[PDB]
Amino acid sequence: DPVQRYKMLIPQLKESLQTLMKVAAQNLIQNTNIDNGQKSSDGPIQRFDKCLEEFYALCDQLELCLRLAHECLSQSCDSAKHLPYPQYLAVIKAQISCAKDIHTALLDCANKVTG
Amino acid sequence: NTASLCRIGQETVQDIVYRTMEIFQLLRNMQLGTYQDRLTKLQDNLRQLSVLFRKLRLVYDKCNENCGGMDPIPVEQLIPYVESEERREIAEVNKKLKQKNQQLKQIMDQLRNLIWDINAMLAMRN
Amino acid sequence: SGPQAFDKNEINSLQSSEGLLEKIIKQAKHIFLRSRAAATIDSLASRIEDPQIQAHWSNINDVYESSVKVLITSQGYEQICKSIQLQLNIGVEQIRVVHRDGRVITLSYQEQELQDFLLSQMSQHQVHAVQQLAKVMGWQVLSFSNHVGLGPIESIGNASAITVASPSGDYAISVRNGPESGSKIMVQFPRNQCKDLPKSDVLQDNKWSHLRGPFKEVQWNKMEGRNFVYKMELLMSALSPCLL
Amino acid sequence: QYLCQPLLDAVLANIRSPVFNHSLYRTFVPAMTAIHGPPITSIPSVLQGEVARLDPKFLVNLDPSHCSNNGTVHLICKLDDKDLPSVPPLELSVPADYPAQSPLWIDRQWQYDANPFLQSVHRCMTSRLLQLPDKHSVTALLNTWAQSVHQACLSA
Amino acid sequence: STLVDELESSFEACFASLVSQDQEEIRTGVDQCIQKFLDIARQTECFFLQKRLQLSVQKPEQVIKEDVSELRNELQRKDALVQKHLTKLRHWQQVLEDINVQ
Amino acid sequence: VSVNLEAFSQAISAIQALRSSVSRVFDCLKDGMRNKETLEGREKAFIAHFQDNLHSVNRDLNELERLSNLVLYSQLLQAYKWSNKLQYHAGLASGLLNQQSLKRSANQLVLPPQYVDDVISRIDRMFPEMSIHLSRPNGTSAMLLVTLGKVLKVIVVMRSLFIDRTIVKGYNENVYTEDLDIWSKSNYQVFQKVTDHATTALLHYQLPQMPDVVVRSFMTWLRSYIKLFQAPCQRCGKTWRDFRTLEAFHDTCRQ
Amino acid sequence: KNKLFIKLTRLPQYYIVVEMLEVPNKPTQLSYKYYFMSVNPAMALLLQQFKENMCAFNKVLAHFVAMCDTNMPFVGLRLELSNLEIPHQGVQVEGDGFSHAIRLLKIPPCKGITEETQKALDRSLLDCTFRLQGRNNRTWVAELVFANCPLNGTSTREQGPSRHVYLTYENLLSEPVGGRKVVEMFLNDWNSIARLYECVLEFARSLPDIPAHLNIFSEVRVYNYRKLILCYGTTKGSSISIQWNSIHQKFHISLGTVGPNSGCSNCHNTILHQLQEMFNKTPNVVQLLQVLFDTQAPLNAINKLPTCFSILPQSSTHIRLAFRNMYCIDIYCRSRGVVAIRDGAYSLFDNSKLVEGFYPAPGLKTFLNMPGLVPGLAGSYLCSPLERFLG
């Protein structure tokens, strides 16, 4: 699904870049033709601004999908790294809490000795 | 007196960094009984480290407050460029240690000869 | 060996063909060589006392071989001054030296060779001591040459060379020790500090008056401490920032 | 090339138009500033260094005697060392644009004659300048002068 | 001002990252704190060495007392080592005298 | 898998690069040409910068397409993150601080044979290619026969949990297998040079107090001698393995 | 026919030839002649003879061998310096007798650096002494000594106007000691030093006129001529580092936390890429200090959110937050301590929903925490802290 979505958006991102480049070229040519002496049709034109925001929207959607997948994969690998299941989670949380107590003790002592 | 307190201050500042290094190594080896031992070791290290701070501080105060009469010459004016009964006690101790070192050298020579002989015999017996 | 097709000399040749006299003579020669090396190192230990000398003979020996472990440290700085160590192999007729830097040298039964080699190794350990001390006191090494070729043509051992700079810029020290002519140390004082250098009218700015200049020499005699490293550390502290 | 080309073509059309920027400016100002928001919140130094980094044997100085300060920089330096101080001036004319036109020593045979040692030092130092590589520096001339004097000492 | 205080603050700062309530950040942080701690430690060592040099060049008697104490300690250590060696030698002498028999 | 994690992390940067590169093309165009002191220079500078910006957009887009192919409860995650952070931080700190040690002096054997046997067995457990045979023919001083493939047969001579002498021999050569041939030579010059380099490594790997990491590093350095007659010298035409960098080198070339 | 060929293993292709000749008057003595040979089926190139200057050591032989082994590596470096049009003095004996050094006079000025900065650099380079050290004699060190340092640091670097930087280069085992890569890397480091001196000169010129908040907010800490470590924060905890990577030809900033009061990170690690690009487009450090001072306070609040909420880093001062995937919100930081929040999924143009969609219904919660999606603003950094948990 996260890999699948990344595949789905990539053709769209290429399409959005193509339109944004083409629309920019049409707008610049019309503006240069109006600024210099050169007749040009009013036409549909299509606004450059609308295309540039669309490209940014697709970029955010892709980054959000990848960031979630990376976070989910990192959490899974860490979970594997660390008889009944309730006692299992109990001893895990106990080890983590005792490590945190050691942390707090070292911190408070090293901060009370000086500074 | 003061020249030895300065050496004490030197050894304290040379040992505090080693103590911090040992503390870093202990925190590194602490992966998640043995936890109690690691904790009490870290606490003892911290206490001895604070004691070392206090010792280096007090020896600093001592060497700073001493400032004996014979210090009018600033640094770089002291380096030599091109252009009683204490000595008798030193000589006596030197003669004594020289005799003891000669005797110890004789003992070491005899021990080396013994070991070489035993090794040669136990090697040739095969 | 004949069934498994052994080589001409390899695993055959004579296939044990010596005499009692030959073996006994070889053993006697090895014993004499061992004794000689031992006495030489002992003298070196008693006569030369400045850097150090150490020897740890191996537990198990043979009738035609032995081994020692020579170390050349300093009197006070045993930890840091651990750059030169030797492992002699006293054979029946040759003494093989394996240095810590990957250098193998086949010496001779004659003592002068071993004595000169140990003297050159002490001379090199002397400059390695200054190098390891500059590494610890935070002094920046500017140059280091293990076998320098500029200066007077030296004795049995080639001269060594080091030049370090003070952490706070201006000051700098240089050391050249050798087996014949050694302990040639000279400090590099900064300009505008000696006040004896001839000024020049071409220098019209004050920015150039901060470079390390007149290269004043220091007498290693009539100094403090007891070992080369003690005096080097005292000189480094003298050229340090006065935090008194 | 791919997917960008018409933009490329467009700007390659419209260079050397005087009104150019403005057209670009107009069609590209609002959207960007809407999306990203508001905008942002005497003597040359090389000779001086070469002098400062000489060996204390030399005591180089300027030359106010001859016609100078119009062409090259003339120097009478010295020879001060355990060696010999024969003829200290060795007038050297360092031309402008130092990293080229290697400086030339103005020869003065009037003083180097009438003495065998001075004739020998002149001969050997001249030969050593002949063997010197092209585009030599001032320090090179000073060092070859010193070593030529030393060769004359060891020869006689 | 009291370089002891500054070295204490640097030793606290070397712990100021973990003791609080990716890899490049911790990397550069440990680089900076460790290098600062090393520089200030080498500076305090330099100050101590300067004080030692001054006291030795102007008061060369406490150093002599130190040499006396060190030599006496060396002699005592040598005596203790030779005593232990003699004990081991006598033990092995008795052991060997026990054997060799028939 | 870890390879997937890296591909996702690389891809996240590639999306950020594509967005930044597209913004750069438009942002630079808005500023337009600059004077540049010359007509030719100004035209060239604008074209060069625009073309570089246009190319960067193409390169960044291509990477994203290629990268597609490759790929009470919160407190627990906080503890996991802090554990990883402390591990990395303490590792880096211990490395940086033991690399530069200010210790200058120390002043301010007997060992159980079963302990040495356990250490040797632990070392033999790793490095499955190497096989170490423990034996004590003469006293408590142990003698280790270490077989490395069909390549080497090293004879380490322990006096304690300490390495004293090493004599490597060839695989086809005979160590005599019995009362051990401690004193002999390999009869081949290559193995003699390897014995010299092994004694050099022994003199190099010398930790003061801990007697186990020295043997660990010695066995690791010996294991590097498995691809002999198969590896280049890296500065020579086709016997030494540098320390801290297990790279082959000829003794005549350097190192 | 009685000669010895002593090859130099460290520097190849150089062979010393020691020939022995019988002396006529003494039938029990020999004479030695030493020649310096060189090789390119071995082909000799040139031959020159040095003739000037227990009894088995032959002192002069070892002396000549050591002299050759120490001097010959400098010849290749001199040739490489001459081949790249770098004016350099010849190999000179240093003042401490034993040595060799190649002191450069002028460096090729630069590429891509303004003329006035080139002048400021060329008038501050006092010496560029190169020296040789290291085992096997293949490590080079160049000591550059600059004068008139623009700005000092908190460390003990406020001494006399002479800053000494040591640049070390160790070529590979092959590619012999005298090669092109050493001087190429040296020129690359010089170019990076110049491109950094640009920014340090700009900052030194802008130091007298400061908006008076960044002066207490930020402080310079070290200046090693290749890195800029500025430190900011209320307690001077956070640190930013500026450096020019010649490999990528772009400025590389590295952020860290050095101070005994801070969070778990620099708190700016979520905007690192946009800050990289921002400093790459316009190399000005005062703008960096300003944007950091403006964006630190909202970042301290937006970093503590539970990680549900997802932080999408958009362009600078436009950090995006998204509860789950359905909801979104835009954070527009501005000067004078204000943040403008938006509807998120809403579009700034024709009213259509984005790919995420799911228009956030309430909206007015942001108004009470002081269509209908235009602009919610005026939060004075305290709403930015409470509205986090509230929303």
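- In its metadata, the entry names cryo-EM as the structure determination method and reports 4.13 Å as the resolution.

### Thoughts on the overall build of chain E
Inference 1: Of regular secondary structure, chain E possesses three helices and zero strands.
Inference 2: When the helices and strands of chain E are listed from N to C terminus, the series reads α-α-α.
Inference 3: Relative to the 2.2 N^0.38 estimate, which gives 13 Å for 102 residues, the radius of gyration of chain E is 27 Å and therefore markedly larger than a compact globule would have.
Inference 4: By principal-axis analysis of the C-alpha atoms, chain E measures approximately 80 × 50 × 20 Å.

### Points about the overall build of chain G
Inference 1: Scanning chain G for helices and strands turns up eight helices and 17 strands.
Inference 2: In terms of overall size, chain G is more extended than a compact globule, its C-alpha atoms giving a radius of gyration of 32 Å where 391 residues would be expected to give roughly 21 Å.

### Thoughts on the sheet that holds strand β4 (residues 44-49) of chain G
All names here are of chain G.
Inference 1: Reading across from one edge, β1-β2-β3-β4 is the order of the four strands in this open sheet, with antiparallel pairing throughout. Each having just a single partner strand, β1 (3-7) and β4 make up the two edges of the open sheet. Put simply, the sheet's adjacent strands are angled 25° from each other on average, direction ignored.
Inference 2: Pairing geometry for strand β3 (residues 30-39) and β4, over four bridges, is antiparallel. Bridge pairing in β4 links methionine 37 to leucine 47.

### Regarding the side chain of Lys103(F)
Inference 1: Residue position: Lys103(F) is located in the loop between α3 (74-99) and α4 (113-125).
Inference 2: Note on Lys103(F): relative accessible area 18%, which makes it buried.
Inference 3: With residues up to four places along the chain from it excluded, the contact list for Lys103(F) reads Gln14(B), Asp15(B), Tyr18(B), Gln79(C) and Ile80(C).

### Some points on the sheet that holds strand β7 (residues 139-146) of chain G
Residue and element names in this part refer to chain G.
Inference 1: In spatial order, the strands read β5-β6-β7-β8; together these four strands make up an open sheet with antiparallel pairing. Each of the sheet's edge strands pairs with one partner strand only, and the pair in question is β5 (102-104) and β8 (163-170). Across the sheet, the axes of successive neighbouring strands diverge by a mean angle of 20°, strand direction being ignored.
Inference 2: Bridge count for β5 against strand β6 (residues 125-133) is three bridges, and the pairing is antiparallel.

### A few points about the state of the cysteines
Residue and element names in this part refer to chain F.
Inference 1: For the structure on display, the rule yields two disulfides over all chains.
Inference 2: Two residues, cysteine 233 and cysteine 236, share a disulfide whose sulfurs are 2.1 Å apart.
Inference 3: The exposure class assigned to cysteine 233 is buried, which follows from its relative accessible area of 3%.
Inference 4: You can call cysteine 236 partly exposed: its relative accessible area is 22%.

### Comments concerning the packing of helix α1 (residues 3-13) of chain E against helix α2 (residues 23-58) of chain E
Residues and elements named next belong to chain E.
Inference 1: Relative to each other, α1 and α2 sit at 155°, their axes nearing to 9 Å. With respect to α2, the element α1 is oriented roughly antiparallel. Once α1 is placed against α2, the crossing between them reads as left-handed. Contacts from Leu3, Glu6, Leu7 and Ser10 of α1 reach α2 at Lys36, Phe37, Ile40, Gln43 and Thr44.
Inference 2: A per-class count over the contact of α1 with α2 returns four nonpolar, three polar and two charged.

### Observations concerning the pairing of strand β16 (residues 338-341) of chain G
All names here are of chain G.
Inference 1: In this sheet, β16 lies alongside strand β15 (residues 329-334) in antiparallel orientation, the contact comprising four bridges. Looking at the pairing, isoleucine 331 lines up with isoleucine 341 of β16.
Inference 2: Hairpin geometry of β15 and β16 is characterised by an intervening segment of three residues between the two adjacent antiparallel strands and by a positive phi of about 60° at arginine 336.
Inference 3: Two strands pair when backbone bridges link them, and β16 and strand β17 (residues 376-379) are joined in this way by two bridges, in the antiparallel orientation. By the bridge assignment for β17, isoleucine 341 is matched with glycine 376.

### Let's talk about the interface of chain C and chain B
Inference 1: Across the boundary between the two partners, chain C contributes 25 residues, which contact 15 residues of chain B.
Inference 2: Buried surface at the junction of chain C and chain B, summed over both partners, amounts to about 1800 Å²; 59% is from carbon and sulfur atoms.
Inference 3: Counting across the interface, chain C meets chain B through one salt bridge.
Inference 4: For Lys105(B), the salt bridge identified is with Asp42(C), shortest N-O distance 3.3 Å.

### Concerning the pattern of salt bridges
Inference 1: Under the criterion given, the structure shown has 37 salt bridges over all chains.
Inference 2: For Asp60(A), the salt bridge identified is with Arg19(F), shortest N-O distance 4.0 Å. Note that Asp60(A) is positioned in helix α2 (residues 48-81) and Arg19(F) in helix α1 (residues 2-31), a pairing that runs across two chains. A single burial state applies to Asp60(A) and to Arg19(F), both of which are buried.
Inference 3: Ionic contacts of the salt-bridge type, sharing partners, join the residues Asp60(A), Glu63(A), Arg67(A) and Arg19(F) into one network.

### Quick word on the arrangement of the chains
Inference 1: Separated throughout, chain B and chain D approach each other most closely at a C-alpha pair spaced 16 Å apart.
Inference 2: With no contact formed, the shortest span from any C-alpha in chain B to any C-alpha in chain G equals 16 Å.

### Focus on the nonpolar core
Inference 1: Formed by 82 residues in total, the largest nonpolar core has its most connected members in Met232(C), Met236(C) and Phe15(E).
Inference 2: Considering every element that reaches this core, the biggest residue donor is α2(E), with 14 residues.
Inference 3: Residues contacting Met232(C), with those up to four places away along its chain left out, are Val130(C), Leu133(C), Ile173(C), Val175(C) and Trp220(C).
Inference 4: Core analysis: the next-biggest nonpolar cluster, separate from the first, contains 72 residues, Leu132(G), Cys149(G), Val183(G) and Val200(G) among them.

### Focus: the packing of aromatic side chains
Inference 1: Under the counting rule described, the total for this entry stands at 41 aromatic pairs over all chains.
Inference 2: Judged by centre distance (5.4 Å) and plane angle (85°), the ring pair of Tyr34(G) and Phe64(G) falls under edge-to-face. Each of the two residues, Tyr34(G) as well as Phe64(G), counts as buried.
Inference 3: The ring of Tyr225(F) has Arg241(F) lying over it, and the distance from NZ or CZ to the ring centre is 4.9 Å.

### Here we look at unusual backbone geometry
Inference 1: Even without being a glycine, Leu32(B) presents a positive backbone phi close to 55°.
Inference 2: As for its placement among the helices and strands, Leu32(B) is situated in the loop between α1 (2-29) and α2 (34-66).
Inference 3: Taking the relative accessible area as the measure of exposure, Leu32(B) reaches 28% and is therefore partly exposed.
Inference 4: A positive phi angle is found at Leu90(D), which is not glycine, with a value near 30°.
Inference 5: Note that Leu90(D) resides in the loop between β1 (73-75) and β2 (92-94).
Inference 6: By relative accessible area, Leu90(D) is classed as buried at 8%.

Calculation notes
Residues numbered from 1 in each chain as written, not as in the entry; some residues may be left out. Chains lettered and ligands numbered in written order. Part of a larger assembly, values for the part shown. Heavy atoms only, no water. Residues with missing side-chain atoms left out of burial classes, pairs and counts. Helix = DSSP H or I, 4+ residues; strand = E, 2+ residues; numbered from the N terminus. Rg over C-alpha atoms; globule rule 2.2 N^0.38 Å. Pairing = 2+ DSSP bridges. Axes fitted to C-alpha atoms, helices over the stretch in contact; angles between N-to-C directions. Buried < 20%, exposed > 50% of the residue type's maximum accessible area, 1.4 Å probe, protein only. Contact = heavy atoms within 4.5 Å. Disulfide = S-S within 2.5 Å. Parallel < 35°, antiparallel > 145°, perpendicular 65-115°, else oblique. Left-handed = near helix turned anticlockwise from the far one by under 90°. Nonpolar A, V, L, I, M, F, W, Y, C, P; charged D, E, K, R; others polar. Buried area = accessible area lost by both parts, 1.4 Å probe. Salt bridge = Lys/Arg side-chain N within 4 Å of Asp/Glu carboxyl O. Core = buried A, V, L, I, M, F, W, Y, C linked by side-chain atoms within 4.5 Å. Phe/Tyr/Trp six-rings, centres within 6.5 Å; stacked < 30°, edge-to-face > 60°. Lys NZ or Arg CZ within 6 Å of the ring centre and 35° of its normal.

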